[PDB]
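Take a look at the structure below.
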Amino acid sequence: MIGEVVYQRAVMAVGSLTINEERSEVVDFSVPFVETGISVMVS
Amino acid sequence: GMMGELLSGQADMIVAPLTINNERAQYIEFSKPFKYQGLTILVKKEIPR
Amino acid sequence: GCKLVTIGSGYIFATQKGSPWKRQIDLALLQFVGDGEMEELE
Amino acid sequence: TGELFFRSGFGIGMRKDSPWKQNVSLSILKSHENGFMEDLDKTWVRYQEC
Amino acid sequence: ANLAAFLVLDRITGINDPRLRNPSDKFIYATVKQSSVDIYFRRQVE
């Protein structure tokens, strides 16, 4: 996704993209539209 | 209120848990928000029998 | 069967530049969250 | 009771010509990533029950 | 069996209640004026 954004292959890119601080250094981001974070799945 | 205080020059910052409002963002634009929350409802605790 | 329990009861850990689209997209998302159509997709 | 009605975020009152939306939001990214949000969860949120 | 029954056997859940879709005077509710909560009330139509 970021390779298509920076090199402008995908001028727009939506995805389920985690807005990371490292990614916000490189790519601007919109509003969060789905709440997420890190969870743990177990039995 | 607080909107009137920033929009009059009296206050320069609102450091407060402000919910993201579209109309407020039309005048006063938020940074990246802290807490992704919403309105909840206080309901009374009923007494036991 | 859903015996596969994830991390807690929802306990979440870890809690293009210059486009003029950003205001349009973000005010649109304020409209959708204010209307709850994301909840309709949910 | 009930769900989170009108699920928004808690942001900061910042004027449009304020140049410091940038590094403050970078510190916000640091607070989410390094758990300073979780630090305020420890230091002010998670203490009490009934 | 009745001691087990009448001790083991048999609210406002949100906006979807008929207590709020049809708001009554036995169920009056309020906020504080000039708030963002009242903004979220005044935005929606229903």
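Residue numbering restarts at 1 in every chain; chains get A, B, ... in the order shown in the structure tokens, and ligands count up from 1 in that same order.
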
Using only C-alpha atoms, find the residues of chain C whose closest atom to chain A is at most 9 Å away, then write them as a ChimeraX atom specification.
-> /C:2-8,10-18,22-23,25-26,29-30,33,38

Give me, as a PDB file with C-alpha atoms, in the first residue's frame, the contact residues of chain B against chain C at a cut-off of 9 Å, counting only C-alpha atoms.
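selection-v9.pdb, freshly written:
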```
ATOM      1  CA  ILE B  20     -15.089  15.222  17.390  1.00  0.00           C
ATOM      2  CA  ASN B  21     -17.843  17.347  15.886  1.00  0.00           C
ATOM      3  CA  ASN B  22     -18.164  17.964  12.157  1.00  0.00           C
ATOM      4  CA  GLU B  23     -19.539  21.496  12.595  1.00  0.00           C
ATOM      5  CA  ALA B  25     -14.215  20.946  12.727  1.00  0.00           C
ATOM      6  CA  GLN B  26     -15.660  23.391  10.179  1.00  0.00           C
ATOM      7  CA  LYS B  35     -10.277   8.065  23.019  1.00  0.00           C
TER       8      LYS B  35
END
```

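Distance check against chain B using only C-alpha atoms: of E:40, E:23, E:45, E:28, the minimum falls on E:40.
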
I'd like a table as a Markdown table: residues in chain D with an atom no more than 10 Å from chain A, each row giving the shortest atom pair and its distance in Å to one decimal, only C-alpha atoms counted, sorted by chain and rising residue number.
```
| residue | atom | partner | partner_atom | distance |
| --- | --- | --- | --- | --- |
| D:7 | CA | A:35 | CA | 9.3 |
| D:8 | CA | A:32 | CA | 9.1 |
| D:9 | CA | A:32 | CA | 8.7 |
| D:25 | CA | A:21 | CA | 9.0 |
| D:26 | CA | A:21 | CA | 6.6 |
| D:27 | CA | A:21 | CA | 8.8 |
| D:28 | CA | A:21 | CA | 8.6 |
| D:29 | CA | A:21 | CA | 5.1 |
| D:30 | CA | A:21 | CA | 6.8 |
| D:31 | CA | A:21 | CA | 9.8 |
| D:32 | CA | A:21 | CA | 8.9 |
| D:33 | CA | A:21 | CA | 7.6 |
```

Using the selection just defined, write its residues with N, CA and C atoms as a short mmCIF file (atom, residue, chain, number, x, y, z; two decimals), in the first residue's frame.
```cif
data_model
loop_
_atom_site.label_atom_id
_atom_site.label_comp_id
_atom_site.auth_asym_id
_atom_site.auth_seq_id
_atom_site.Cartn_x
_atom_site.Cartn_y
_atom_site.Cartn_z
N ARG D 7 -20.14 7.28 18.16
CA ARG D 7 -18.76 6.89 18.41
C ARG D 7 -17.79 7.84 17.73
N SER D 8 -17.30 8.81 18.49
CA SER D 8 -16.34 9.78 17.98
C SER D 8 -15.05 9.60 18.78
N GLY D 9 -14.09 10.50 18.55
CA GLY D 9 -12.89 10.52 19.33
C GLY D 9 -12.85 11.77 20.18
N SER D 25 0.23 15.73 17.12
CA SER D 25 -0.40 14.49 16.66
C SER D 25 0.62 13.37 16.51
N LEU D 26 1.89 13.72 16.26
CA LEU D 26 2.94 12.71 16.30
C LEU D 26 3.14 12.18 17.71
N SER D 27 3.07 13.07 18.71
CA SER D 27 3.10 12.63 20.10
C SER D 27 1.85 11.82 20.46
N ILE D 28 0.73 12.10 19.80
CA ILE D 28 -0.47 11.30 20.01
C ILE D 28 -0.27 9.88 19.47
N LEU D 29 0.33 9.77 18.28
CA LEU D 29 0.72 8.47 17.73
C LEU D 29 1.68 7.74 18.66
N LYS D 30 2.61 8.47 19.27
CA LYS D 30 3.50 7.87 20.26
C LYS D 30 2.74 7.41 21.50
N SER D 31 1.71 8.16 21.90
CA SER D 31 0.93 7.79 23.07
C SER D 31 0.12 6.53 22.82
N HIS D 32 -0.42 6.38 21.62
CA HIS D 32 -1.12 5.15 21.27
C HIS D 32 -0.15 3.98 21.13
N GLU D 33 0.96 4.18 20.41
CA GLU D 33 1.91 3.11 20.14
C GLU D 33 2.71 2.69 21.36
#
```

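What chain D places within 12 Å of chain E, counting only C-alpha atoms, is residues 1, 2, 3, 4, 5, 6, 7, 8 and 10 of chain D.
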
Go ahead and write the selection's residues with N, CA and C atoms as a PDB file, in the first residue's frame.
```
ATOM      1  N   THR D   1     -25.508   1.537  30.704  1.00  0.00           N
ATOM      2  CA  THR D   1     -26.204   0.647  29.788  1.00  0.00           C
ATOM      3  C   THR D   1     -26.117   1.214  28.380  1.00  0.00           C
ATOM      4  N   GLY D   2     -26.436   0.379  27.400  1.00  0.00           N
ATOM      5  CA  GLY D   2     -26.412   0.784  26.011  1.00  0.00           C
ATOM      6  C   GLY D   2     -25.009   0.811  25.441  1.00  0.00           C
ATOM      7  N   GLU D   3     -24.956   0.899  24.117  1.00  0.00           N
ATOM      8  CA  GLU D   3     -23.684   0.952  23.419  1.00  0.00           C
ATOM      9  C   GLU D   3     -23.105   2.359  23.484  1.00  0.00           C
ATOM     10  N   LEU D   4     -21.929   2.523  22.892  1.00  0.00           N
ATOM     11  CA  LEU D   4     -21.381   3.852  22.710  1.00  0.00           C
ATOM     12  C   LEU D   4     -22.175   4.587  21.639  1.00  0.00           C
ATOM     13  N   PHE D   5     -22.975   5.552  22.076  1.00  0.00           N
ATOM     14  CA  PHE D   5     -23.799   6.305  21.146  1.00  0.00           C
ATOM     15  C   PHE D   5     -22.971   7.457  20.606  1.00  0.00           C
ATOM     16  N   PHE D   6     -23.022   7.625  19.278  1.00  0.00           N
ATOM     17  CA  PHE D   6     -22.178   8.559  18.521  1.00  0.00           C
ATOM     18  C   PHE D   6     -20.697   8.307  18.800  1.00  0.00           C
ATOM     19  N   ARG D   7     -20.145   7.278  18.159  1.00  0.00           N
ATOM     20  CA  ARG D   7     -18.765   6.888  18.410  1.00  0.00           C
ATOM     21  C   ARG D   7     -17.792   7.840  17.732  1.00  0.00           C
ATOM     22  N   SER D   8     -17.296   8.809  18.490  1.00  0.00           N
ATOM     23  CA  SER D   8     -16.339   9.780  17.982  1.00  0.00           C
ATOM     24  C   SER D   8     -15.051   9.603  18.779  1.00  0.00           C
ATOM     25  N   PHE D  10     -11.990  11.733  21.188  1.00  0.00           N
ATOM     26  CA  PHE D  10     -11.767  12.877  22.053  1.00  0.00           C
ATOM     27  C   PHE D  10     -10.533  13.628  21.588  1.00  0.00           C
TER      28      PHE D  10
END
```

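With only C-alpha atoms as the atoms that count, the residue of E:1, E:8, E:39, E:32 with the shortest distance to chain B is E:39.
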
Given the choices B:7, B:47, B:32, B:40, which gets closest to chain E if the distance is worked out from only C-alpha atoms?
-> B:40

Which residue of B:9, B:48, B:4, B:33 approaches chain D most closely, using only C-alpha atoms | B:33

Would you list, as a PyMOL selection string, the residues of chain A that end up in helix (DSSP H, G or I) under DSSP run on this structure's backbone?
-> chain A and resi 2-6+21-26

Residue subset to file, keeping C-alpha atoms, as an mmCIF file, in the first residue's frame:
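Ended up saving to out_24.cif:
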```cif
data_model
loop_
_atom_site.group_PDB
_atom_site.id
_atom_site.type_symbol
_atom_site.label_atom_id
_atom_site.label_comp_id
_atom_site.auth_asym_id
_atom_site.auth_seq_id
_atom_site.Cartn_x
_atom_site.Cartn_y
_atom_site.Cartn_z
ATOM 1 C CA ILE A 2 2.708 2.493 0.980
ATOM 2 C CA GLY A 3 4.777 1.559 -2.065
ATOM 3 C CA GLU A 4 1.779 2.354 -4.228
ATOM 4 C CA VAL A 5 1.133 5.610 -2.351
ATOM 5 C CA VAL A 6 4.689 7.006 -2.261
ATOM 6 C CA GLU A 21 3.074 6.723 13.616
ATOM 7 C CA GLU A 22 5.755 5.396 11.255
ATOM 8 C CA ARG A 23 3.155 5.356 8.487
ATOM 9 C CA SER A 24 1.968 8.853 9.410
ATOM 10 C CA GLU A 25 5.586 9.961 8.981
ATOM 11 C CA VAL A 26 5.388 8.798 5.374
#
```

Give me, as a tab-separated table, each residue of chain B that comes within 8 Å of chain E, together with its shortest interatomic pair and the distance in Å at one decimal, counting only C-alpha atoms, with rows ordered by chain and rising residue number.
```
residue	atom	partner	partner_atom	distance
B:1	CA	E:34	CA	7.2
B:19	CA	E:36	CA	7.0
B:21	CA	E:36	CA	7.6
B:41	CA	E:14	CA	7.4
B:43	CA	E:12	CA	6.9
```

For residue 14 in chain D, list every protein, DNA or RNA residue within 6 Å, evaluated using only C-alpha atoms, and leave out those in the same chain fewer than 6 positions away; present the list as a PyMOL selection string.
-> chain B and resi 28-30

For the selection just defined, write its residues with C-alpha atoms to a file, as a short mmCIF file (atom, residue, chain, number, x, y, z; two decimals), in the first residue's frame.
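File produced: out18.cif:
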```
data_model
loop_
_atom_site.label_atom_id
_atom_site.label_comp_id
_atom_site.auth_asym_id
_atom_site.auth_seq_id
_atom_site.Cartn_x
_atom_site.Cartn_y
_atom_site.Cartn_z
CA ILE B 28 -11.85 24.63 14.89
CA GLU B 29 -9.97 21.57 13.67
CA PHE B 30 -9.01 18.74 16.02
#
```

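CA of residue 13 in chain D is positioned 19.9 Å from CA of residue 40 in chain D.
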
Taking the backbone alone, and naming residues the way the document does, which bits of chain B are strand (DSSP E) by DSSP, as a list in words?
-> residues 14, 15, 16, 17, 18, 19, 36, 37, 38 and 39 of chain B

What separates CA of residue 17 in chain A and CA of residue 35 in chain D is a distance of 19.7 Å

Interatomic distance, CA of residue 31 in chain B to CA of residue 12 in chain D (Å, one decimal) | 5.8 Å
